[PDB]
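Accompanying notes for the structure given below.
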Amino acid sequence: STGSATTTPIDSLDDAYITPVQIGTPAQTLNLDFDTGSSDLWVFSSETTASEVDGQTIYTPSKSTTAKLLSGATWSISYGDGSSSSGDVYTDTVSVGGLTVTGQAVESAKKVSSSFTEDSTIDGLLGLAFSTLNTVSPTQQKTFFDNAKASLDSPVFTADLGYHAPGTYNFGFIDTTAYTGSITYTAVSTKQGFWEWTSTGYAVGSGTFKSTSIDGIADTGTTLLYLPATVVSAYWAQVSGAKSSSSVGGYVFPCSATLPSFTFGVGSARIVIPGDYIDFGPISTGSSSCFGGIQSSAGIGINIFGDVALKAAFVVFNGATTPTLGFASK
């Protein structure tokens, strides 16, 4: 089997992407944030504290003839941005782009933190990291991809995120019309539960490529590109007036600037992020200070190849017995 679904930016900055997902019988369609940096499929629901729901579409398990309470199971998750959610668990039928999994754990939120409430466009998350990170207790549950894998034509999914435009998540096949050149594959460590890999270096604008190993994660659920402070300083030094602002929380730059591109290495191959992809607009409405899309990872503990990096590529998440990542230009 295969599936193919369009993913759409939630706003004019590409702050996140939503993909429609059918849950239950009859189908309830919710727009989920596909997140290769986590491993829980959770939704706003009829069980979510009413004051914490503000415009989201909810899953109502009592209206699904295929929903079953997973008795005793609870979940609770905290994300790198400080947001969080928790609740109980149903199993139900879940379909993405025509690919159906029966018995998928659907984690129903009883509580969500303010940032989820405040984002009316995201109805939940669909985790695509390794199932070892799933938070369901006392019986850990599998991701949608893990459940589908055996049925797929090939044990892969691909992320093709758009810049200021829709893109595609495919399951079970590699669309050879969706990229240019060849796909370069690189090794993955699953030791932390992530799609963790080592970039071979970087360049700023037209500058020379610096060969240096950068370990980080391919994370569709993170907006920006988070890299070591040395790399990030080298980038922003090429933008007149750019500075790190403790009060804003990262590098800012004059909105009048034209940003240089940023290149990252995948083996001997190179992925170029155009400068425009690094502009996240005014820090507050009407400001002439703009927020940068490349930020330091120094306070995180891990480097994160988020959407800024991934949307410059066609990315293969290869879930074979030994997983690997593939990157192609497009």
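FYI, nothing fancy with the structure tokens labels: chains A, B, ... in order, residues from 1 per chain, ligands from 1 as they appear.
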Item to check | All residues 10 Å or closer to residue 153 of chain A, only C-alpha atoms, same chain fewer than 2 positions away omitted, as a list in words | outcome: residues 1, 2, 149, 150, 151, 155, 156, 171, 172 and 173 of chain A
Who sits within 9 Å of residue 225 of chain A, only C-alpha atoms, same chain under 6 positions skipped, as JSON, numbers by chain: {"A": [278, 293, 294, 295, 296, 297, 303, 304, 305, 306, 307, 308, 309, 310]}
Would you give me, as a compact mmCIF listing (two decimals) with N, CA, C and O atoms, in the first residue's frame, the residues in segment 65-293 of chain A that DSSP reads as strand (DSSP E)?
```txt
# COMPACT_ATOMS: atom_id res chain seq x y z
N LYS A 68 -12.27 2.44 20.48
CA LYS A 68 -12.27 1.63 21.70
C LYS A 68 -11.34 2.27 22.71
O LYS A 68 -10.19 2.58 22.40
N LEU A 69 -11.83 2.47 23.93
CA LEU A 69 -10.95 2.97 24.99
C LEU A 69 -9.82 1.97 25.19
O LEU A 69 -10.05 0.76 25.30
N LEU A 70 -8.59 2.47 25.25
CA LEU A 70 -7.45 1.64 25.63
C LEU A 70 -7.37 1.74 27.15
O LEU A 70 -6.82 2.69 27.71
N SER A 71 -7.94 0.74 27.81
CA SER A 71 -8.25 0.86 29.23
C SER A 71 -6.99 1.04 30.06
O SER A 71 -6.03 0.26 29.93
N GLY A 72 -6.99 2.06 30.91
CA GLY A 72 -5.89 2.33 31.81
C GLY A 72 -4.76 3.14 31.23
O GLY A 72 -3.86 3.54 31.97
N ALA A 73 -4.77 3.40 29.93
CA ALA A 73 -3.65 4.06 29.28
C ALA A 73 -3.76 5.57 29.40
O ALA A 73 -4.83 6.15 29.19
N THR A 74 -2.65 6.22 29.75
CA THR A 74 -2.59 7.68 29.79
C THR A 74 -1.33 8.12 29.06
O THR A 74 -0.44 7.33 28.78
N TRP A 75 -1.28 9.41 28.75
CA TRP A 75 -0.13 9.95 28.07
C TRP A 75 0.09 11.37 28.57
O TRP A 75 -0.84 12.03 29.04
N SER A 76 1.32 11.83 28.43
CA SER A 76 1.69 13.17 28.87
C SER A 76 3.01 13.51 28.20
O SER A 76 3.97 12.74 28.30
N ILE A 77 3.04 14.64 27.50
CA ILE A 77 4.20 15.00 26.70
C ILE A 77 4.53 16.47 26.89
O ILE A 77 3.65 17.31 27.09
N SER A 78 5.84 16.76 26.84
CA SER A 78 6.37 18.12 26.87
C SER A 78 7.31 18.26 25.69
O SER A 78 8.12 17.38 25.42
N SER A 84 2.94 21.56 26.08
CA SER A 84 2.64 20.25 26.65
C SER A 84 1.16 19.90 26.47
O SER A 84 0.32 20.77 26.21
N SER A 85 0.86 18.61 26.62
CA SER A 85 -0.50 18.12 26.56
C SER A 85 -0.54 16.74 27.22
O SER A 85 0.51 16.10 27.41
N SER A 86 -1.74 16.30 27.58
CA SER A 86 -1.89 15.01 28.25
C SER A 86 -3.34 14.55 28.17
O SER A 86 -4.25 15.34 27.92
N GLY A 87 -3.55 13.25 28.40
CA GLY A 87 -4.90 12.72 28.39
C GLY A 87 -4.94 11.21 28.46
O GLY A 87 -4.07 10.57 29.05
N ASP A 88 -5.99 10.64 27.86
CA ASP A 88 -6.19 9.19 27.80
C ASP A 88 -6.12 8.74 26.33
O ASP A 88 -5.74 9.51 25.45
N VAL A 89 -6.45 7.47 26.07
CA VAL A 89 -6.10 6.87 24.78
C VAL A 89 -7.23 5.99 24.29
O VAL A 89 -7.80 5.20 25.05
N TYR A 90 -7.52 6.12 23.00
CA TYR A 90 -8.43 5.25 22.26
C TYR A 90 -7.62 4.55 21.18
O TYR A 90 -6.58 5.06 20.75
N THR A 91 -8.08 3.40 20.72
CA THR A 91 -7.64 2.90 19.43
C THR A 91 -8.74 3.14 18.42
O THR A 91 -9.93 3.08 18.75
N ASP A 92 -8.36 3.44 17.18
CA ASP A 92 -9.34 3.71 16.14
C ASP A 92 -8.64 3.56 14.79
O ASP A 92 -7.41 3.42 14.71
N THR A 93 -9.44 3.63 13.74
CA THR A 93 -8.93 3.59 12.38
C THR A 93 -8.47 4.98 11.97
O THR A 93 -9.19 5.97 12.14
N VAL A 94 -7.25 5.05 11.43
CA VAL A 94 -6.64 6.31 11.05
C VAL A 94 -6.14 6.18 9.62
O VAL A 94 -5.43 5.23 9.29
N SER A 95 -6.51 7.13 8.77
CA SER A 95 -6.07 7.12 7.38
C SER A 95 -5.40 8.44 7.04
O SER A 95 -5.88 9.52 7.42
N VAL A 96 -4.30 8.34 6.30
CA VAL A 96 -3.55 9.49 5.81
C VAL A 96 -3.40 9.33 4.31
O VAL A 96 -2.73 8.40 3.85
N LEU A 99 -3.93 5.83 2.93
CA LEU A 99 -3.29 4.73 3.65
C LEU A 99 -3.97 4.58 5.00
O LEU A 99 -4.02 5.54 5.77
N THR A 100 -4.47 3.38 5.30
CA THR A 100 -5.29 3.15 6.49
C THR A 100 -4.55 2.22 7.45
O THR A 100 -4.05 1.16 7.05
N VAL A 101 -4.55 2.61 8.73
CA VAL A 101 -4.10 1.76 9.84
C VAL A 101 -5.30 1.52 10.74
O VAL A 101 -5.94 2.47 11.19
N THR A 102 -5.60 0.26 11.01
CA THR A 102 -6.58 -0.06 12.03
C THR A 102 -5.88 -0.26 13.37
O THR A 102 -4.71 -0.66 13.43
N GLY A 103 -6.59 0.04 14.46
CA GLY A 103 -6.02 -0.13 15.78
C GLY A 103 -4.94 0.86 16.16
O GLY A 103 -4.16 0.59 17.07
N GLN A 104 -4.90 2.02 15.51
CA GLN A 104 -3.92 3.04 15.85
C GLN A 104 -4.27 3.68 17.19
O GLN A 104 -5.43 4.01 17.45
N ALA A 105 -3.26 3.89 18.04
CA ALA A 105 -3.47 4.63 19.27
C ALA A 105 -3.68 6.10 18.94
O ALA A 105 -2.81 6.76 18.34
N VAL A 106 -4.85 6.61 19.32
CA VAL A 106 -5.25 8.01 19.17
C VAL A 106 -5.32 8.56 20.58
O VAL A 106 -6.18 8.18 21.38
N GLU A 107 -4.39 9.46 20.90
CA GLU A 107 -4.25 9.98 22.25
C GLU A 107 -5.13 11.21 22.37
O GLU A 107 -4.92 12.23 21.70
N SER A 108 -6.15 11.11 23.21
CA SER A 108 -7.16 12.15 23.34
C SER A 108 -6.75 13.12 24.43
O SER A 108 -6.52 12.72 25.57
N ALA A 109 -6.62 14.40 24.09
CA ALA A 109 -6.17 15.38 25.06
C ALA A 109 -7.27 15.72 26.05
O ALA A 109 -8.39 16.07 25.66
N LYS A 110 -6.95 15.61 27.33
CA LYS A 110 -7.76 16.23 28.36
C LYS A 110 -7.28 17.64 28.69
O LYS A 110 -8.09 18.50 29.03
N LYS A 111 -5.98 17.89 28.56
CA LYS A 111 -5.38 19.18 28.86
C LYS A 111 -4.37 19.48 27.78
O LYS A 111 -3.66 18.58 27.30
N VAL A 112 -4.31 20.75 27.37
CA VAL A 112 -3.28 21.24 26.47
C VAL A 112 -2.78 22.58 27.02
O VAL A 112 -3.51 23.30 27.69
N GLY A 124 -3.92 18.82 16.47
CA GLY A 124 -3.15 17.80 17.15
C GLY A 124 -1.88 17.54 16.38
O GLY A 124 -1.55 18.24 15.42
N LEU A 125 -1.15 16.54 16.85
CA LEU A 125 0.14 16.16 16.29
C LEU A 125 0.09 14.70 15.87
O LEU A 125 -0.58 13.88 16.49
N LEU A 126 0.84 14.39 14.81
CA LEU A 126 1.06 13.01 14.39
C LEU A 126 2.57 12.75 14.40
O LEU A 126 3.31 13.23 13.54
N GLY A 127 3.03 12.02 15.42
CA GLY A 127 4.46 11.79 15.59
C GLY A 127 5.01 10.75 14.62
O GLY A 127 4.39 9.72 14.37
N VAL A 156 9.17 3.35 3.94
CA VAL A 156 9.68 4.71 3.90
C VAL A 156 8.51 5.68 3.95
O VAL A 156 7.37 5.36 3.60
N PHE A 157 8.82 6.91 4.38
CA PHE A 157 7.96 8.04 4.10
C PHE A 157 8.84 9.21 3.67
O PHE A 157 10.05 9.23 3.95
N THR A 158 8.25 10.17 2.97
CA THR A 158 9.01 11.31 2.47
C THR A 158 8.32 12.60 2.87
O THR A 158 7.09 12.68 2.94
N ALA A 159 9.13 13.63 3.14
CA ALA A 159 8.68 14.97 3.46
C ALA A 159 9.14 15.91 2.36
O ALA A 159 10.35 16.01 2.08
N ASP A 160 8.20 16.60 1.75
CA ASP A 160 8.47 17.55 0.68
C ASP A 160 7.73 18.84 1.05
O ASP A 160 6.64 19.12 0.56
N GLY A 167 2.97 21.37 0.21
CA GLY A 167 3.88 20.30 -0.14
C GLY A 167 3.22 18.97 0.10
O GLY A 167 1.99 18.90 0.12
N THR A 168 4.01 17.91 0.28
CA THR A 168 3.49 16.56 0.28
C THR A 168 4.21 15.68 1.29
O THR A 168 5.43 15.72 1.38
N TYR A 169 3.43 14.85 1.98
CA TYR A 169 3.94 13.68 2.71
C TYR A 169 3.48 12.44 1.96
O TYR A 169 2.28 12.24 1.78
N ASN A 170 4.44 11.60 1.55
CA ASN A 170 4.16 10.32 0.93
C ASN A 170 4.59 9.18 1.84
O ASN A 170 5.60 9.29 2.55
N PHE A 171 3.82 8.11 1.82
CA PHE A 171 4.12 6.90 2.59
C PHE A 171 4.22 5.72 1.64
O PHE A 171 3.31 5.47 0.86
N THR A 184 20.94 11.59 -1.80
CA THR A 184 22.10 11.16 -1.03
C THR A 184 21.63 10.66 0.33
O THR A 184 21.01 11.41 1.09
N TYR A 185 21.93 9.41 0.63
CA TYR A 185 21.57 8.80 1.89
C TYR A 185 22.71 8.89 2.89
O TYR A 185 23.89 8.86 2.54
N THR A 186 22.33 8.99 4.16
CA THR A 186 23.27 9.19 5.25
C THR A 186 22.78 8.42 6.47
O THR A 186 21.59 8.19 6.65
N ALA A 187 23.73 8.02 7.31
CA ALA A 187 23.42 7.14 8.43
C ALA A 187 22.60 7.84 9.50
O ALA A 187 22.71 9.05 9.72
N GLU A 196 18.32 11.05 13.77
CA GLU A 196 19.54 11.78 14.10
C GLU A 196 20.63 11.39 13.13
O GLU A 196 20.86 10.20 12.87
N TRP A 197 21.31 12.38 12.58
CA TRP A 197 22.28 12.19 11.52
C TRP A 197 23.40 13.21 11.69
O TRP A 197 23.36 14.05 12.58
N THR A 198 24.44 13.10 10.87
CA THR A 198 25.58 14.01 10.96
C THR A 198 25.79 14.71 9.63
O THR A 198 26.18 14.08 8.64
N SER A 199 25.56 16.01 9.60
CA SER A 199 25.88 16.82 8.44
C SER A 199 27.40 16.95 8.32
O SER A 199 28.12 16.95 9.31
N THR A 200 27.88 17.08 7.09
CA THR A 200 29.30 17.14 6.82
C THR A 200 29.85 18.56 6.76
O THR A 200 31.06 18.72 6.57
N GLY A 201 29.02 19.60 6.91
CA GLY A 201 29.54 20.95 7.03
C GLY A 201 28.56 21.97 6.51
O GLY A 201 27.38 21.69 6.32
N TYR A 202 29.07 23.18 6.27
CA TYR A 202 28.20 24.27 5.88
C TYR A 202 28.97 25.33 5.09
O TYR A 202 30.20 25.42 5.14
N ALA A 203 28.20 26.15 4.38
CA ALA A 203 28.71 27.38 3.78
C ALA A 203 27.69 28.50 3.99
O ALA A 203 26.49 28.26 4.10
N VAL A 204 28.19 29.73 4.01
CA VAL A 204 27.36 30.92 4.13
C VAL A 204 27.44 31.66 2.81
O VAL A 204 28.53 32.04 2.36
N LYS A 210 32.85 24.81 4.75
CA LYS A 210 33.60 24.39 5.92
C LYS A 210 33.22 22.95 6.22
O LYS A 210 32.07 22.66 6.55
N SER A 211 34.20 22.05 6.12
CA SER A 211 33.98 20.65 6.46
C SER A 211 34.05 20.48 7.97
O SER A 211 35.11 20.71 8.58
N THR A 212 32.94 20.08 8.57
CA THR A 212 32.86 19.88 10.01
C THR A 212 31.62 19.06 10.29
O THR A 212 30.59 19.27 9.65
N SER A 213 31.73 18.12 11.22
CA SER A 213 30.61 17.24 11.53
C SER A 213 29.62 17.94 12.45
O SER A 213 29.99 18.43 13.52
N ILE A 214 28.35 17.97 12.05
CA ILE A 214 27.28 18.57 12.84
C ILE A 214 26.21 17.51 13.05
O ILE A 214 25.42 17.23 12.13
N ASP A 215 26.15 16.95 14.25
CA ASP A 215 25.13 15.98 14.61
C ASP A 215 23.82 16.70 14.91
O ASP A 215 23.80 17.65 15.70
N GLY A 216 22.72 16.26 14.31
CA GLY A 216 21.45 16.89 14.63
C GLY A 216 20.31 16.01 14.18
O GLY A 216 20.51 14.91 13.66
N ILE A 217 19.08 16.50 14.35
CA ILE A 217 17.89 15.71 14.05
C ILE A 217 17.09 16.36 12.93
O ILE A 217 17.00 17.58 12.82
N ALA A 218 16.50 15.51 12.08
CA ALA A 218 15.56 15.98 11.05
C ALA A 218 14.19 16.05 11.71
O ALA A 218 13.61 15.01 12.03
N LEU A 225 15.96 26.42 12.01
CA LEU A 225 17.21 25.67 11.94
C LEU A 225 18.08 26.09 13.12
O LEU A 225 18.48 27.26 13.22
N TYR A 226 18.36 25.14 14.02
CA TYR A 226 19.12 25.39 15.25
C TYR A 226 20.46 24.69 15.15
O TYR A 226 20.51 23.45 15.08
N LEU A 227 21.54 25.47 15.20
CA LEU A 227 22.89 24.96 14.93
C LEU A 227 23.86 25.51 15.97
O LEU A 227 23.51 26.42 16.72
N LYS A 243 22.11 40.95 15.00
CA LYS A 243 22.63 40.81 16.35
C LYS A 243 21.78 39.80 17.09
O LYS A 243 20.62 39.57 16.75
N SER A 244 22.35 39.21 18.13
CA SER A 244 21.60 38.36 19.03
C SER A 244 20.98 39.22 20.13
O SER A 244 21.69 39.96 20.81
N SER A 245 19.67 39.12 20.28
CA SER A 245 18.91 39.91 21.23
C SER A 245 18.41 38.99 22.34
O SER A 245 17.57 38.12 22.09
N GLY A 250 16.78 35.65 20.39
CA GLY A 250 17.59 35.10 19.32
C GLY A 250 18.10 36.20 18.42
O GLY A 250 18.01 37.39 18.72
N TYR A 251 18.67 35.76 17.30
CA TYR A 251 19.17 36.67 16.30
C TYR A 251 18.03 37.38 15.59
O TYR A 251 17.06 36.75 15.14
N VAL A 252 18.19 38.69 15.48
CA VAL A 252 17.32 39.57 14.71
C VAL A 252 18.17 40.31 13.70
O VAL A 252 19.40 40.37 13.81
N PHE A 253 17.51 40.83 12.68
CA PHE A 253 18.22 41.52 11.62
C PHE A 253 17.32 42.61 11.04
O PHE A 253 16.10 42.55 11.17
N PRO A 254 17.91 43.62 10.40
CA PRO A 254 17.08 44.68 9.81
C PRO A 254 16.18 44.10 8.73
O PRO A 254 16.65 43.41 7.82
N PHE A 262 22.25 29.68 2.92
CA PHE A 262 22.99 28.82 3.84
C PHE A 262 23.00 27.42 3.25
O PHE A 262 21.94 26.87 2.94
N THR A 263 24.18 26.83 3.11
CA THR A 263 24.33 25.49 2.56
C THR A 263 24.70 24.52 3.68
O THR A 263 25.57 24.83 4.50
N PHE A 264 24.08 23.34 3.68
CA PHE A 264 24.51 22.27 4.58
C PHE A 264 24.89 21.02 3.78
O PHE A 264 24.34 20.74 2.72
N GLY A 265 25.87 20.29 4.31
CA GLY A 265 26.35 19.08 3.67
C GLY A 265 25.60 17.83 4.07
O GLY A 265 25.26 17.63 5.24
N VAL A 266 25.36 16.97 3.08
CA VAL A 266 24.84 15.62 3.28
C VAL A 266 25.82 14.72 2.55
O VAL A 266 25.82 14.67 1.31
N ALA A 269 27.20 15.65 -0.90
CA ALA A 269 26.20 16.49 -1.52
C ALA A 269 25.94 17.75 -0.69
O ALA A 269 26.38 17.89 0.45
N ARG A 270 25.21 18.69 -1.29
CA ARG A 270 24.99 19.99 -0.68
C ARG A 270 23.53 20.38 -0.88
O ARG A 270 23.01 20.27 -1.99
N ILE A 271 22.89 20.85 0.18
CA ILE A 271 21.54 21.40 0.12
C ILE A 271 21.64 22.90 0.39
O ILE A 271 22.21 23.31 1.41
N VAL A 272 21.09 23.71 -0.52
CA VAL A 272 21.14 25.17 -0.40
C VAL A 272 19.80 25.70 0.08
O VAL A 272 18.77 25.51 -0.58
N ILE A 273 19.82 26.39 1.22
CA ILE A 273 18.65 27.09 1.75
C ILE A 273 18.72 28.52 1.23
O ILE A 273 19.63 29.27 1.63
N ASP A 279 14.05 34.36 6.53
CA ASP A 279 13.34 35.55 7.01
C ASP A 279 12.03 35.14 7.67
O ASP A 279 11.13 34.61 7.01
N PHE A 280 11.91 35.39 8.97
CA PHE A 280 10.67 35.12 9.70
C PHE A 280 9.94 36.39 10.10
O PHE A 280 9.03 36.33 10.93
N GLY A 281 10.24 37.50 9.44
CA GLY A 281 9.41 38.67 9.49
C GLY A 281 9.57 39.47 10.76
O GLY A 281 10.36 39.15 11.65
N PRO A 282 8.80 40.54 10.85
CA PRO A 282 8.93 41.45 11.99
C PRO A 282 8.74 40.75 13.33
O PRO A 282 7.86 39.89 13.49
N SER A 289 12.60 45.36 12.87
CA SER A 289 13.50 44.29 13.26
C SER A 289 12.83 42.97 12.94
O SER A 289 11.68 42.74 13.32
N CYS A 290 13.55 42.12 12.21
CA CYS A 290 13.01 40.87 11.71
C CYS A 290 13.69 39.70 12.42
O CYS A 290 14.86 39.77 12.81
N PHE A 291 12.95 38.60 12.57
CA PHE A 291 13.46 37.45 13.30
C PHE A 291 14.15 36.45 12.37
O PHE A 291 13.60 36.08 11.33
N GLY A 292 15.33 36.00 12.76
CA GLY A 292 16.08 35.08 11.93
C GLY A 292 15.61 33.64 11.99
O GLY A 292 15.16 33.13 13.01
```
| message | Excluding residue 29 of chain A and its own-chain neighbours fewer than 3 positions away, which residues fall within 10 Å of it when counting only C-alpha atoms? Please give them as a ChimeraX atom specification. | response | /A:19-24,26,32,57-59,94-96,123
Would you export the selected residues with N, CA, C and O atoms as a PDB file, in the first residue's frame, please?
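That gives us out.pdb:
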```
ATOM      1  N   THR A  19      -1.651  18.680   7.909  1.00  0.00           N
ATOM      2  CA  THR A  19      -1.980  17.631   6.965  1.00  0.00           C
ATOM      3  C   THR A  19      -3.296  17.006   7.407  1.00  0.00           C
ATOM      4  O   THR A  19      -3.444  16.674   8.588  1.00  0.00           O
ATOM      5  N   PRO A  20      -4.278  16.865   6.522  1.00  0.00           N
ATOM      6  CA  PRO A  20      -5.554  16.289   6.946  1.00  0.00           C
ATOM      7  C   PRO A  20      -5.415  14.794   7.203  1.00  0.00           C
ATOM      8  O   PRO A  20      -4.751  14.079   6.452  1.00  0.00           O
ATOM      9  N   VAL A  21      -6.060  14.344   8.279  1.00  0.00           N
ATOM     10  CA  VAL A  21      -6.023  12.965   8.752  1.00  0.00           C
ATOM     11  C   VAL A  21      -7.446  12.529   9.078  1.00  0.00           C
ATOM     12  O   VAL A  21      -8.170  13.238   9.787  1.00  0.00           O
ATOM     13  N   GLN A  22      -7.847  11.371   8.559  1.00  0.00           N
ATOM     14  CA  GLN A  22      -9.167  10.817   8.832  1.00  0.00           C
ATOM     15  C   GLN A  22      -9.080   9.871  10.026  1.00  0.00           C
ATOM     16  O   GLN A  22      -8.292   8.915  10.019  1.00  0.00           O
ATOM     17  N   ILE A  23      -9.914  10.111  11.036  1.00  0.00           N
ATOM     18  CA  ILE A  23      -9.931   9.308  12.256  1.00  0.00           C
ATOM     19  C   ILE A  23     -11.350   8.803  12.487  1.00  0.00           C
ATOM     20  O   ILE A  23     -12.295   9.596  12.520  1.00  0.00           O
ATOM     21  N   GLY A  24     -11.492   7.498  12.698  1.00  0.00           N
ATOM     22  CA  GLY A  24     -12.771   6.937  13.098  1.00  0.00           C
ATOM     23  C   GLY A  24     -13.708   6.592  11.961  1.00  0.00           C
ATOM     24  O   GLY A  24     -13.421   6.760  10.777  1.00  0.00           O
ATOM     25  N   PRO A  26     -17.988   7.015  11.125  1.00  0.00           N
ATOM     26  CA  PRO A  26     -17.528   7.656   9.888  1.00  0.00           C
ATOM     27  C   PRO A  26     -16.310   8.533  10.169  1.00  0.00           C
ATOM     28  O   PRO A  26     -16.035   8.915  11.302  1.00  0.00           O
ATOM     29  N   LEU A  32      -3.564  17.770  11.322  1.00  0.00           N
ATOM     30  CA  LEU A  32      -2.515  17.450  12.280  1.00  0.00           C
ATOM     31  C   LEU A  32      -1.161  17.953  11.810  1.00  0.00           C
ATOM     32  O   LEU A  32      -0.888  18.048  10.613  1.00  0.00           O
ATOM     33  N   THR A  57     -10.767  21.790  15.498  1.00  0.00           N
ATOM     34  CA  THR A  57     -11.678  20.678  15.262  1.00  0.00           C
ATOM     35  C   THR A  57     -11.337  19.560  16.227  1.00  0.00           C
ATOM     36  O   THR A  57     -10.166  19.246  16.432  1.00  0.00           O
ATOM     37  N   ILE A  58     -12.362  18.957  16.822  1.00  0.00           N
ATOM     38  CA  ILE A  58     -12.166  17.953  17.858  1.00  0.00           C
ATOM     39  C   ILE A  58     -12.553  16.577  17.342  1.00  0.00           C
ATOM     40  O   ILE A  58     -13.462  16.427  16.518  1.00  0.00           O
ATOM     41  N   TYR A  59     -11.861  15.562  17.866  1.00  0.00           N
ATOM     42  CA  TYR A  59     -12.233  14.162  17.716  1.00  0.00           C
ATOM     43  C   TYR A  59     -13.202  13.787  18.831  1.00  0.00           C
ATOM     44  O   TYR A  59     -12.940  14.055  20.008  1.00  0.00           O
ATOM     45  N   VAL A  94      -7.253   5.050  11.435  1.00  0.00           N
ATOM     46  CA  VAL A  94      -6.637   6.312  11.051  1.00  0.00           C
ATOM     47  C   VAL A  94      -6.144   6.177   9.621  1.00  0.00           C
ATOM     48  O   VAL A  94      -5.431   5.226   9.292  1.00  0.00           O
ATOM     49  N   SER A  95      -6.514   7.125   8.771  1.00  0.00           N
ATOM     50  CA  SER A  95      -6.070   7.121   7.384  1.00  0.00           C
ATOM     51  C   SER A  95      -5.398   8.440   7.041  1.00  0.00           C
ATOM     52  O   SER A  95      -5.876   9.518   7.422  1.00  0.00           O
ATOM     53  N   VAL A  96      -4.301   8.340   6.299  1.00  0.00           N
ATOM     54  CA  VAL A  96      -3.549   9.487   5.810  1.00  0.00           C
ATOM     55  C   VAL A  96      -3.396   9.326   4.307  1.00  0.00           C
ATOM     56  O   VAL A  96      -2.727   8.395   3.847  1.00  0.00           O
ATOM     57  N   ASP A 123      -4.988  20.859  15.020  1.00  0.00           N
ATOM     58  CA  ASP A 123      -5.931  20.027  15.762  1.00  0.00           C
ATOM     59  C   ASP A 123      -5.247  18.908  16.544  1.00  0.00           C
ATOM     60  O   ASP A 123      -5.935  18.133  17.220  1.00  0.00           O
TER      61      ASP A 123
END
```
Counting only C-alpha atoms, the residue among A:288, A:115, A:141, A:31 that lies closest to residue 256 of chain A is A:288
Exercise: residue 114 of chain A partners within 12 Å, only C-alpha atoms, chain neighbours under 3 positions left out, as a ChimeraX atom specification
/A:49,51-54,81-85,111,117-120
Measuring between only C-alpha atoms, which one of A:319, A:285, A:324, A:116 shows the shortest distance to residue 154 of chain A?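 Between A:319, A:285, A:324, A:116, the residue approaching residue 154 of chain A most closely is A:319.
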- Pick out the residues sitting within 7 Å of residue 165 of chain A, and hand them over as number ranges by chain; count only C-alpha atoms, and ignore anything fewer than 3 positions along from it in its own chain. A: 8-9, 162
Could you check how far atom CA of residue 79 of chain A sits from atom CA of residue 37 of chain A, in Å to one decimal?
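Atom CA of residue 37 of chain A lies 9.3 Å from atom CA of residue 79 of chain A.
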Of A:25, A:179, A:97, A:161, the one nearest to residue 4 of chain A when counting only C-alpha atoms is A:97
_For the structure I just gave you, how does DSSP split segment 228-287 of chain A - specifically, which residues are alpha helix (DSSP H)? Reply as an MDAnalysis selection string._
chainID A and resid 229:236
Let me see the file: selected residues, C-alpha atoms, as a PDB file, in the first residue's frame.
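Written out: again-v7.pdb:
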```pdb
ATOM      1  CA  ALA A 229      26.711  29.045  18.123  1.00  0.00           C
ATOM      2  CA  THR A 230      29.920  29.157  16.040  1.00  0.00           C
ATOM      3  CA  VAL A 231      28.025  28.330  12.829  1.00  0.00           C
ATOM      4  CA  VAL A 232      25.159  30.697  13.588  1.00  0.00           C
ATOM      5  CA  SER A 233      27.536  33.578  14.411  1.00  0.00           C
ATOM      6  CA  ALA A 234      29.344  33.000  11.106  1.00  0.00           C
ATOM      7  CA  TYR A 235      26.032  33.234   9.236  1.00  0.00           C
ATOM      8  CA  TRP A 236      24.705  36.393  10.894  1.00  0.00           C
TER       9      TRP A 236
END
```
